[PDB]
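Given next, in structure tokens, is a single chain: the form deposited in one PDB entry.
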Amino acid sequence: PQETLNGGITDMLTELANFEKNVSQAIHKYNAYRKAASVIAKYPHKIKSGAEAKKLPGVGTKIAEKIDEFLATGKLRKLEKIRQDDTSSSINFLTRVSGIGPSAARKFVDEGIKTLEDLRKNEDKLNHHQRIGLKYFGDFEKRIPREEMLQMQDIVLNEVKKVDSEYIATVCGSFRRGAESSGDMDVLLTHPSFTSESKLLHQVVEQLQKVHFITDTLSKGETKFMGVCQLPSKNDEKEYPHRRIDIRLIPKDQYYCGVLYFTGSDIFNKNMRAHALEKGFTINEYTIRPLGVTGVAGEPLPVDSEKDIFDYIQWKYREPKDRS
């Protein structure tokens, strides 16, 4: 539906969501306002009253009253007052830096650090993650066109197999669901030597650094890498933006459940878990397990493919691109 339908309302609710998350530190209100923004963005009518919006799930009495104020006045006094508070504005802005959440933003503004320039002058007060978030502030806010994601996928899948031909790597997220653009690249990796019962990530990260694909590290442990990458451009050509890449090393016996989980969408996964439950199975990120007659989860079932999960619960396979 065209943004001109309810765009005023959905912008107001997104602004309130960001305020609750970044300033109030109220993650459950942030999610309530996001959920309300999302249901209203999908609604194929121009909302005429709060009462009409209130019929939608995730819209209750308070968001109805805000919509009535916005429809009558073209504004919300609560937001006009928030926009006049320079301290709220600074806290909200600093959370755009990866590694700066609501706590760090408030600590920074309370010691007079409010701008990107203030952060650059005070690098000693930033952790490693926040320094890299600052270094790539603009690039990290750019979307990744699908054509670039295809090129990135080709480097990652090929370089992983050069480390060891037995690795399996799958790019998940929006990209796997067939999105025309992505926020980041989320790679799930496994190897038959790694199961839930017994250097693998380090060697893959090392290879991707050696061919100058991975440029920086935000965090790295035994099973999760978060960092920065860049497509190679030909000499004299315009450089590609730096991109966020995550790499998750999953036990082989949990791998396809992970692929299903990190592919989504969220609504799809929720509908799939519910369907499994009525069929007598419980699905989480790691496993599919049969439920006994009193609701006790049994042993994990063997899963050798994503399709194996859909077969257990007798659902027809939804292609990754038919899950949003």
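Numbering starts at 1 and follows the sequence shown.
- According to the record, the deposited sequence contains 4 to 9 residues between residue 198 and residue 199 that were left without coordinates.
- The question of which stretch, 202-210 or 74-82, has the higher mean Cα B factor is settled in favour of 74-82.
- Per the PDB record, of the two stretches 189-197 and 159-167, 189-197 carries the greater mean B-factor over its C-alpha atoms.
- Highest C-alpha temperature factor among 110, 184, 237, 216, as the PDB entry reports it: 237.
- Of the candidates 178, 251, 99, 227, the PDB record gives 178 the highest C-alpha temperature factor.
- Ranked by Cα temperature factor within the chain, residue 118 sits in the middle third according to the deposited record.
- Among the modelled residues of its chain, residue 261 has a C-alpha B-factor that falls in the middle third, as given in the PDB entry.
- Among all modelled residues in its chain, residue 246 ranks in the lowest third by Cα B-factor.
- Annotation for residue 232: CA B-factor lies in the highest third of the chain's modelled residues.
- Residue 309: CA B factor in the middle third of modelled residues in this chain (values from the PDB entry).
Another form exists, deposited in another entry; not displayed. Remarks below refer to it.
- When the structures are compared between this form and the one not shown, the hinge, where C-alphas stop matching one rigid part best and start matching the other, is found at 253 among 149, 105, 115, 253.
- One change in the other entry concerns residue 311 and residue 167, whose Cα atoms lie at least 3 Å farther apart than in this form.
- Panel note: the distance between the CA atoms of residue 266 and residue 246 is smaller in the other entry than in this form, the difference being 3 Å or more.
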